[PDB]
Amino acid sequence: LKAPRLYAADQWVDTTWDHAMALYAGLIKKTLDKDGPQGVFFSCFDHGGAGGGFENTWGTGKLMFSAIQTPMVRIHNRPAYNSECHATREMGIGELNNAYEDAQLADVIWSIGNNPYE
Amino acid sequence: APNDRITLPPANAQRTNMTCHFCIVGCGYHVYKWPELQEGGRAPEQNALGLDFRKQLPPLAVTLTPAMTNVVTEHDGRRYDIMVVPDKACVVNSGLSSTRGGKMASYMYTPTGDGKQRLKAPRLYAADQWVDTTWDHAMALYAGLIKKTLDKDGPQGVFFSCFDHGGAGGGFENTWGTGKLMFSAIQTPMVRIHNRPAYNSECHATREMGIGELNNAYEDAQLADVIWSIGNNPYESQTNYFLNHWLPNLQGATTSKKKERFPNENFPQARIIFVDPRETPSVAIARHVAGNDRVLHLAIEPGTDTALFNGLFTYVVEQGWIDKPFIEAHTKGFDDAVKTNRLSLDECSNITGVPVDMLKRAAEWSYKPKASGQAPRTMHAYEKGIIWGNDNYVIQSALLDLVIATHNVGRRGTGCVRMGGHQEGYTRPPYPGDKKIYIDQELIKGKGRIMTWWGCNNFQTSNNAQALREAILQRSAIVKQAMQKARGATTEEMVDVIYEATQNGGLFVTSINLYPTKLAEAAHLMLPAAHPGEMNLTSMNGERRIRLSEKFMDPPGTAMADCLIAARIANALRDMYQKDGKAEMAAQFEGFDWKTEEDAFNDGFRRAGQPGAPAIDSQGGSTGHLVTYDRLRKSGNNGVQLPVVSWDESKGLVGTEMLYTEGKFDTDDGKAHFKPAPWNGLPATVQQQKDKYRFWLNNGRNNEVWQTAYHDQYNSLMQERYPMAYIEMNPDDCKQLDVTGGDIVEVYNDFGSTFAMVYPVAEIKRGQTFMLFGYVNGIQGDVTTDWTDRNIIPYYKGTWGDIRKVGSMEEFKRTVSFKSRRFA
Amino acid sequence: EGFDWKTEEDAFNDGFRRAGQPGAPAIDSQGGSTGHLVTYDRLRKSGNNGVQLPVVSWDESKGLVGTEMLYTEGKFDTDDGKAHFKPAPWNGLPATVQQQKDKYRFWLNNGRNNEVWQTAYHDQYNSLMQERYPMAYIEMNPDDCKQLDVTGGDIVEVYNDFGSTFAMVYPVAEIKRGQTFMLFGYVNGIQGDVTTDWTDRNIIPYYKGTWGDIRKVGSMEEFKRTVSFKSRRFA
Ligand SMILES: Nc1nc2c(c(=O)[nH]1)N[C@H]1C(S)=C(S)[C@@H](COP(=O)(O)OP(=O)(O)OC[C@H]3O[C@@H](n4cnc5c(=O)[nH]c(N)nc54)[C@H](O)[C@@H]3O)O[C@H]1N2
Ligand SMILES: Nc1nc2c(c(=O)[nH]1)N[C@H]1C(S)=C(S)[C@@H](COP(=O)(O)OP(=O)(O)OC[C@H]3O[C@@H](n4cnc5c(=O)[nH]c(N)nc54)[C@H](O)[C@@H]3O)O[C@H]1N2
Ligand SMILES: Nc1nc2c(c(=O)[nH]1)N[C@H]1C(S)=C(S)[C@@H](COP(=O)(O)OP(=O)(O)OC[C@H]3O[C@@H](n4cnc5c(=O)[nH]c(N)nc54)[C@H](O)[C@@H]3O)O[C@H]1N2
Ligand code: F3S
Ligand SMILES: [Mo]
Ligand code: NA
Ligand SMILES: [O]
């Protein structure tokens, strides 16, 4: 993608960024003004690397949560605003608790629900 | 890859013949093919080009760029260099390559090149997603639906829009295969043509008057005193005819040859007259070449051609600048046409807007006797400005009347000819119905169970295209929704589900193509086809010169020649009918036992007019059987002009240079027939748009872009130059709308809405515009009307609309040239 | 053109009586296309009973004959003659209204009083009306009243993010805690100041959907002397 793309009713065309923002922000604004945030939905990455990361998760999160203030947000891999690791975290154990060096120091490695070579 | 060298073909490289894939002119090319890890040396005898690359080459020595090279990967996995370059010894082009034909190498299929997205296998929209499917399953579904439709609704339920043309995505094998399938086997009349919404001709009037539209040789353009280009932008649309034949005439390089043929005839400097509302690159280039004094631009009001030709005809008759012995011996209806078509110069001028002096001059140059006594040799060339003009049938009536009265058919250096679009390659059974049917209107109105687009894309190229797409997308959606409920169905059950959805407004859509295209937005089934070079293919150019394009590489995946796709469908349908114990229906699907494209050439072109043959309409005529692949190979890219007159092993194919030179026309009596040509103004549908909206929405070709840009859309240079369809606008009009080059506008009227990037052009008249037709980004046809002439020929050049600024595309400003395309 | 009218009957002829007639422009009329059967004189002869529209026939002997109930044949005013069901989503209160509810205490219900007509354009000049309702009133729950130290004839400000207005307090036992009812449209204390800008898809306001707070201004002794604050719910 090199420029904004618009489906103008019956065909794909290019459009300008200003037009795209007029249409997109205009709809969000209209929805906020008449329905409030509950009318504006997102499914958004929450991850790192390409298509994520600390800059990007902040930008999107600030936009969705602090500015628009919509709760109608799901995550790239799961259909609500939730965690993969509710239980371990609630038990007091955040899911990334070691180093890769620990895999070198182990007597035994369990690989559970996991195909790590691939 | 590296942009600063090329791999030369080895001295011993394989070399095959190829006609350009694209426009009517049909320039000759050679394809050099050799293993990837070999190359030629720079010394001239150590490369296949015979050129000396040990030092700089002079101008005209070669046409060679990286875009003219590629590396293909064949079905055996081995990689071969190819180089596709123009043939210096071909009479058509004399080693010229247009910017379009020049890219053929780049547009051959390779896994990583511009052809990367070529269709390689059947694609199925299985209700909610695109997947691959087998050929067997695809045929079971497609033939299964055709069979069910035939069984319950008859042929009237099976619709096609199919190419009827030559070159790539057409030609004699392919038009026969498709025509036999549609007309002799299925026997559906629900068939339109790639460029027009019924089963009709662009040239009903000239044909009915006895003058087939391709009646001369390209050499005639060299021998003419005067060339008319009517509704035609030939530098851009028939480049190498214009460059290699027309211009040499204007430059004086053909004067010797005229004088050698006609010892006692004056030949003044040649002149050129353009009848075109718009000042085009062709007009500008003609003026640079010949000077302003030898070019007449009759910048008529849109849609006024009939009035122009009636005024000219009236005048040459009143002046006596006609051939009375010719009229008396070889024509019928003259006296009647003088009365019906009478129009004064003053009235002509008022309607057309051309000043009287310019009308007189055009007549003086073209028809007033030369000092030596003979009439000028005036070749009248025309194309889509009048074929898609204000009443196709009447314009041609008006023009041909002028031509016949002035004896400008059948004499060397004359002709009243189509310039052409695609190449020609038609061999078909007769159309099986007795009426013209406006196919798009029928589809919009909810008729048909199954529609196949076959080597066309009317999403981009229909008239009133927005109405078409709206309807097809909706009808397509009904079928997708119905398919959605299925789980675990047999092919036969799925046929039933789809058939039922078509009783509820649905339409099953198939596309048979090189590429997905915009049709993929609605299609349920897409089948992969093969283009020239992946198959043998025959076709003829605008002077009827038939050539063989030789196969030299494999198609992508399981892509097939269109004629063999037609055989596949026929044989599927036959098996289904045999299996259902229906011997009589099965037999309708006989005659497709084909292994190779040559089988289709033998069954079609070469059977026409032969004993015990069915009725066959063929541009080859009844001597078509004298042409074989082997004989065409021996002819080379010079081929033969059709019809063939004789053949023997020692003299090869000998054909026909010019038609009608004995004064016998294609009518019952052998005479040419004049016709009345009434001036009725614009059609009401079009006049209403003109009354409501500001801009004439002229449309047509750009030199660099081929058609619906099915290849060019993947070419990074093409997309950088023309990222969006452009609209030429007068600069004063631009300032009024606060737009400049690289802004995006909406163009709209009562028929639809589309978009374009603004291209200020000083030469465009106030209140007129010109938009690129057919493109992938901003479809022009949305704003064309539904209006057609008596034979369902659209007035594609006849529409008006308003223009609204969307915004400035800064990226276009930074990357696209908005500089003048009119050379001076 | 088309306003050469000397009397109101001219406008009846030009409008109601032309609807659906030959050569007539497009006209939307509750009379329908049989409107031309109605004339002043025929209405006079009908008396105060008139005729239920649409008129189905007329003649001098039977007068206007009209339509009692619509849709008794099962043919509805749609393309296909059927009645069409529609989806009806529950989305709670509009955000704009919910925000006032979240910020403020009282549901500010509003509407009619039996004795008062509309914006009181006549009633404001009527000395009996003005004695009985000198100021717009607000029905309040008596327990809510005690909490705010107000009784009948006190003056309160009613306000929220949209505006501020005033009312005289009318304790009403039947009002629910947290709810109120103020006379709308009135000449002394305009209720609409505190209604929101929110409308449905066709710009229909939720006039009955607003919340606000209530603040005592003071005791209007004159209202206490002259106005009944007795119950308007008959038993
Ligand atoms: N407004 C407006 N509309 C016009 C015109 C105009 O002047 N104004 N011009 C009209 C004219 S003259 C024409 S020719 C039409 C063009 O209308 P179309 O025929 O719809 O357009 P093309 O680009 O020629 O379509 C060729 C299609 O076939 C595919 N293809 C190419 N090679 C092959 C092959 O070997 N096999 C198969 N099966 N498919 C192949 C391409 O990928 C592409 O999708 O548009 C017409 N429409
Ligand atoms: N570069 C390139 N060349 C091609 C093609 C392509 O896509 N690209 N397509 C090919 C095909 S399939 C075809 S059909 C041909 C078409 O080739 P042409 O017909 O030459 O090209 P067009 O641009 O469609 O239109 C020709 C001219 O008609 C003029 N015109 C418009 N309205 C009228 C009118 O009322 N009267 C008259 N007298 N003139 C009018 C326009 O101003 C335009 O200059 O080109 C072929 N060659
Ligand atoms: N005395 C008198 N009669 C009049 C008028 C007048 O000014 N004075 N005006 C006339 C006019 S123009 C009109 S429009 C009519 C109006 O006549 P009605 O609509 O009957 O009267 P209102 O008092 O506007 O409101 C009706 C009821 O709506 C209830 N209500 C409030 N919110 C809701 C809600 O969310 N849901 C439900 N289901 N009920 C709710 C209120 O408690 C109230 O009793 O009266 C007409 N008649
Ligand atoms: S190179 Fe091709 S596009 Fe036409 S002018 Fe020649 S046949
Ligand atoms: Mo064409
Ligand atoms: Na559109
Ligand atoms: O064409």
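For the numbers below, each heavy atom of this structure counts, side chains included, while hydrogens, waters and symmetry mates do not. A, B, ... follow the sequence lines: proteins, then strands. Residue 1 opens every chain.
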Answer yes or no: are there more than 12 heavy-atom neighbours, outside B:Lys480 itself, under 6.0 Å from its atom NZ? yes

Tightest non-hydrogen contact, residues B:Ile779 and A:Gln11, listed as N-OE1, 3.0 Å

Between B:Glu746 and A:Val13, is any pair of side-chain heavy atoms under 4.5 Å apart? no

Determine, step by step, whether A:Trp12 and B:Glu521 satisfy the side chain to side chain contact (heavy atoms under 4.5 Å, CB included) criterion, reporting the C-alpha distance in whole Å, the side-chain angles of both residues, the deciding distance to 0.1 Å, and the verdict. CA-CA 10 Å; A:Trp12 278 106; B:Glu521 298 175 6; 3.7 Å; yes

Less than 4.5 Å apart, side chain to side chain, heavy atoms only: is that true for B:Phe812 and A:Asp14? yes

Which answer fits B:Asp743, side chain, backbone, both or neither, if we ask what part of it has an atom under 4.5 Å from a heavy atom of chain A? neither

Point-to-point distance, once rounded to the nearest 0.5 Å, from CG of A:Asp18 to OG of B:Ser808: 8.5 Å

Nearest-0.5 Å distance that lies between atom CG in A:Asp10 and atom CD1 in B:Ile472: 13.0 Å

Grab the two heavy atoms, one from B:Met809 and one from A:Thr16, that are nearest each other, plus how far apart they are. SD-CA, 3.7 Å

Chain A contacts, top residue of B:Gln460, B:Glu810, B:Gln466 (heavy-atom pairs, under 4.5 Å): B:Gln466

Which answer fits B:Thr754, side chain, backbone, both or neither, if we ask what part of it has an atom under 4.5 Å from a heavy atom of chain A? both

Is the number of heavy atoms from other residues, nucleotides or ligands under 6.0 Å of A:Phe54 CZ greater than 12? no

Are there more than 12 heavy atoms of other residues, nucleotides or ligands under 6.0 Å from atom NZ of A:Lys29? no

With a cut-off of 6.0 Å (strictly less than), are more than 12 heavy atoms of other residues, nucleotides or ligands near CD of A:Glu101? no

Within 6.0 Å of NZ in B:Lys805, more than 12 heavy atoms from elsewhere: yes

Between B:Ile744 and A:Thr15, what is the shortest heavy-atom contact and its length? CD1-CA, 4.0 Å

Would you say that more than 12 heavy atoms from the other residues, nucleotides or ligands in this model lie under 6.0 Å from the CG of A:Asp107, or not? no

